[PDB]
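**Student:** Mind having a look at this structure? Questions to follow.
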Amino acid sequence: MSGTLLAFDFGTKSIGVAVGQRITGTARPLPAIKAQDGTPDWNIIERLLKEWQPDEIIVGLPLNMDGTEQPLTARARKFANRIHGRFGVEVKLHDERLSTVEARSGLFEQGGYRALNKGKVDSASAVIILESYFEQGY
């Protein structure tokens, strides 16, 4: 089975992304969120997107402004609508569903789902956006 899919964490003039390959089940990291004068690496991703057939794409930059939910992402979701009409690819915007309910009747076991990480900024949120699509099975 094979289905190369992509996942980016970014927006205007910013490139922090993860590339996912559904051939072995791994996600490669895409360079740091710095596009050229507003030009995202379109030659870099497109080369790995079409050469391997883009099975699925997840795009959007989730950033906390005050630490909690952030209504500013509304501009992020629309960004996903841009890369879509640009190449005509099936892109999906990642929504912050982890922060929706107020009560605490879900995450009860404070110990679990551990993950070695202190604070990396190497487009890890994208491979996280990427790891999010694996949960949607799309």
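In the structure tokens, chains take letters A, B, ... by order of appearance, with residues numbered from 1 within each chain and ligands from 1 in the order shown.
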Find the spatial neighbours of residue A:57, counting only C-alpha atoms, within a cut-off of 7 Å - ignore same-chain residues fewer than 3 positions away - and output them as a list in words.
**Tutor:**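 Counting only the stated atoms, we get residues 5, 6, 7, 90, 91 and 92 of chain A.
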**Student:** Write out as a count of residues only which residues come within 10 Å of residue A:3 when counting only C-alpha atoms, dropping same-chain ones fewer than 3 positions away.
**Tutor:** 13
**Student:** Give the alpha helix (DSSP H) residues of stretch 30-133 of chain A, as assigned by DSSP on the backbone, as an MDAnalysis selection string.
**Tutor:** chainID A and resid 42:51 74:87 124:133
**Student:** Skip stretch 98-108 of chain A itself and residues of its chain fewer than 6 positions away, then list as an mmCIF file with N, CA and C atoms, in the first residue's frame all residues within 12 Å of it, counting only C-alpha atoms.
**Tutor:**
```cif
data_model
loop_
_atom_site.group_PDB
_atom_site.id
_atom_site.type_symbol
_atom_site.label_atom_id
_atom_site.label_comp_id
_atom_site.auth_asym_id
_atom_site.auth_seq_id
_atom_site.Cartn_x
_atom_site.Cartn_y
_atom_site.Cartn_z
ATOM 1 N N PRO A 62 -1.264 26.310 14.276
ATOM 2 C CA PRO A 62 -1.958 26.459 15.567
ATOM 3 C C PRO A 62 -1.031 27.156 16.569
ATOM 4 N N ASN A 64 -0.910 29.407 20.325
ATOM 5 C CA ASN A 64 -1.670 29.974 21.472
ATOM 6 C C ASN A 64 -1.239 31.426 21.709
ATOM 7 N N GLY A 67 -2.196 31.396 25.656
ATOM 8 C CA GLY A 67 -1.895 30.097 26.321
ATOM 9 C C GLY A 67 -3.123 29.190 26.222
ATOM 10 N N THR A 68 -4.286 29.772 26.103
ATOM 11 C CA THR A 68 -5.533 28.956 25.999
ATOM 12 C C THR A 68 -6.049 28.980 24.555
ATOM 13 N N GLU A 69 -7.304 28.669 24.348
ATOM 14 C CA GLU A 69 -7.867 28.671 22.961
ATOM 15 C C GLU A 69 -7.450 29.941 22.209
ATOM 16 N N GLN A 70 -7.569 29.943 20.909
ATOM 17 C CA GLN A 70 -7.169 31.147 20.125
ATOM 18 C C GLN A 70 -8.081 31.319 18.903
ATOM 19 N N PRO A 71 -8.946 32.304 18.962
ATOM 20 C CA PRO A 71 -9.874 32.565 17.833
ATOM 21 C C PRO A 71 -9.119 33.159 16.634
ATOM 22 N N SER A 132 -1.709 13.898 13.465
ATOM 23 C CA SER A 132 -3.172 14.073 13.687
ATOM 24 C C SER A 132 -3.965 13.428 12.548
#
```
**Student:** Just the residues within 8 Å of residue A:123, please, counting only C-alpha atoms, with nothing from its chain fewer than 3 positions along; format it as a ChimeraX atom specification.
**Tutor:** /A:9,15-18,29-33,126-127
**Student:** Output N, CA, C and O atoms of each residue in that selection to a file, as a PDB file, in the first residue's frame.
**Tutor:**
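Result went into out.pdb, see below:
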```pdb
ATOM      1  N   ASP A   9       2.487  22.990   9.314  1.00  0.00           N
ATOM      2  CA  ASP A   9       2.078  23.865  10.432  1.00  0.00           C
ATOM      3  C   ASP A   9       2.560  25.261  10.056  1.00  0.00           C
ATOM      4  O   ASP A   9       3.717  25.599  10.256  1.00  0.00           O
ATOM      5  N   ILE A  15       6.943  28.793   7.003  1.00  0.00           N
ATOM      6  CA  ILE A  15       6.963  27.325   6.614  1.00  0.00           C
ATOM      7  C   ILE A  15       7.489  26.363   7.727  1.00  0.00           C
ATOM      8  O   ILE A  15       8.682  26.098   7.856  1.00  0.00           O
ATOM      9  N   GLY A  16       6.607  25.805   8.497  1.00  0.00           N
ATOM     10  CA  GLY A  16       7.019  24.817   9.531  1.00  0.00           C
ATOM     11  C   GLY A  16       6.200  23.593   9.183  1.00  0.00           C
ATOM     12  O   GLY A  16       5.001  23.588   9.397  1.00  0.00           O
ATOM     13  N   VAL A  17       6.773  22.590   8.556  1.00  0.00           N
ATOM     14  CA  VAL A  17       5.877  21.470   8.132  1.00  0.00           C
ATOM     15  C   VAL A  17       6.495  20.074   8.305  1.00  0.00           C
ATOM     16  O   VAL A  17       7.674  19.909   8.545  1.00  0.00           O
ATOM     17  N   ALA A  18       5.660  19.073   8.149  1.00  0.00           N
ATOM     18  CA  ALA A  18       6.096  17.650   8.252  1.00  0.00           C
ATOM     19  C   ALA A  18       5.615  16.903   7.003  1.00  0.00           C
ATOM     20  O   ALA A  18       4.494  17.080   6.568  1.00  0.00           O
ATOM     21  N   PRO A  29      10.536  15.667   8.383  1.00  0.00           N
ATOM     22  CA  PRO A  29      10.377  17.064   8.831  1.00  0.00           C
ATOM     23  C   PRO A  29      10.661  18.065   7.701  1.00  0.00           C
ATOM     24  O   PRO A  29      11.630  17.948   6.977  1.00  0.00           O
ATOM     25  N   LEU A  30       9.830  19.071   7.575  1.00  0.00           N
ATOM     26  CA  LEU A  30      10.051  20.115   6.529  1.00  0.00           C
ATOM     27  C   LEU A  30      10.701  21.327   7.215  1.00  0.00           C
ATOM     28  O   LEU A  30      10.367  21.636   8.351  1.00  0.00           O
ATOM     29  N   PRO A  31      11.644  21.932   6.517  1.00  0.00           N
ATOM     30  CA  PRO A  31      12.467  23.054   7.065  1.00  0.00           C
ATOM     31  C   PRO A  31      11.712  24.098   7.884  1.00  0.00           C
ATOM     32  O   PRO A  31      10.503  24.086   8.014  1.00  0.00           O
ATOM     33  N   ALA A  32      12.482  24.955   8.508  1.00  0.00           N
ATOM     34  CA  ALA A  32      11.938  25.992   9.430  1.00  0.00           C
ATOM     35  C   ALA A  32      11.048  27.027   8.753  1.00  0.00           C
ATOM     36  O   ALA A  32      11.232  27.414   7.618  1.00  0.00           O
ATOM     37  N   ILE A  33      10.071  27.434   9.508  1.00  0.00           N
ATOM     38  CA  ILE A  33       9.050  28.431   9.097  1.00  0.00           C
ATOM     39  C   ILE A  33       9.601  29.756   8.573  1.00  0.00           C
ATOM     40  O   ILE A  33       9.218  30.804   9.027  1.00  0.00           O
ATOM     41  N   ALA A 126       3.964  20.485  12.905  1.00  0.00           N
ATOM     42  CA  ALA A 126       3.448  19.929  11.626  1.00  0.00           C
ATOM     43  C   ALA A 126       3.453  18.416  11.709  1.00  0.00           C
ATOM     44  O   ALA A 126       2.441  17.788  11.570  1.00  0.00           O
ATOM     45  N   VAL A 127       4.579  17.824  11.997  1.00  0.00           N
ATOM     46  CA  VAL A 127       4.604  16.331  12.164  1.00  0.00           C
ATOM     47  C   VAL A 127       3.529  15.996  13.223  1.00  0.00           C
ATOM     48  O   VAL A 127       2.958  14.925  13.234  1.00  0.00           O
TER      49      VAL A 127
END
```
**Student:** I want to know what sits within 6 Å of stretch 75-77 of chain A, based on only C-alpha atoms, with residues of the same chain fewer than 6 positions away left out; could you give that as a PyMOL selection string?
**Tutor:** chain A and resi 60-61+93
**Student:** What is the distance between atom CA of residue A:65 and atom CA of residue A:13, in Å to one decimal?
**Tutor:**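 Computed distance, atom CA of residue A:65 to atom CA of residue A:13, equals 18.6 Å.
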**Student:** Tell me, as a PyMOL selection string, which residues lie within 8 Å of stretch 36-45 of chain A, counting only C-alpha atoms; anything in the same chain fewer than 2 positions away does not count.
**Tutor:** chain A and resi 12-15+34+47-49
**Student:** Put those residues in a file: N, CA, C and O atoms, as a CSV table (one decimal), in the first residue's frame.
**Tutor:**
```csv
chain,number,residue,atom,x,y,z
A,12,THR,N,0.9,32.4,6.2
A,12,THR,CA,1.5,33.4,5.2
A,12,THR,C,3.0,33.6,5.6
A,12,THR,O,3.4,33.9,6.7
A,13,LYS,N,3.8,33.5,4.6
A,13,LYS,CA,5.3,33.8,4.7
A,13,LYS,C,5.9,32.9,5.9
A,13,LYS,O,6.9,33.3,6.5
A,14,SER,N,5.3,31.8,6.2
A,14,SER,CA,5.9,31.0,7.3
A,14,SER,C,5.8,29.5,6.9
A,14,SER,O,4.8,29.0,6.5
A,15,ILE,N,6.9,28.8,7.0
A,15,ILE,CA,7.0,27.3,6.6
A,15,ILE,C,7.5,26.4,7.7
A,15,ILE,O,8.7,26.1,7.9
A,34,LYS,N,10.4,29.7,7.6
A,34,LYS,CA,10.9,31.0,7.0
A,34,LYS,C,10.8,30.9,5.4
A,34,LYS,O,11.6,30.3,4.8
A,47,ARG,N,7.8,18.8,-5.2
A,47,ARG,CA,8.6,17.7,-5.7
A,47,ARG,C,8.3,16.4,-5.0
A,47,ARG,O,8.2,15.3,-5.6
A,48,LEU,N,8.2,16.5,-3.7
A,48,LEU,CA,7.9,15.2,-2.9
A,48,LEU,C,6.4,15.0,-2.9
A,48,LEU,O,5.9,13.8,-2.8
A,49,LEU,N,5.6,16.0,-3.2
A,49,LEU,CA,4.1,15.7,-3.3
A,49,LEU,C,3.7,15.0,-4.5
A,49,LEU,O,3.0,14.0,-4.5
```
**Student:** Mind giving me the straight-line distance from atom CA of residue A:50 to atom CA of residue A:85 in Å, one decimal?
**Tutor:** 15.7 Å
**Student:** Nearest to residue A:28 among A:117, A:110, A:4, A:136, with distances taken over only C-alpha atoms: which residue is it?
**Tutor:**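 Smallest distance to residue A:28 is found for A:4.
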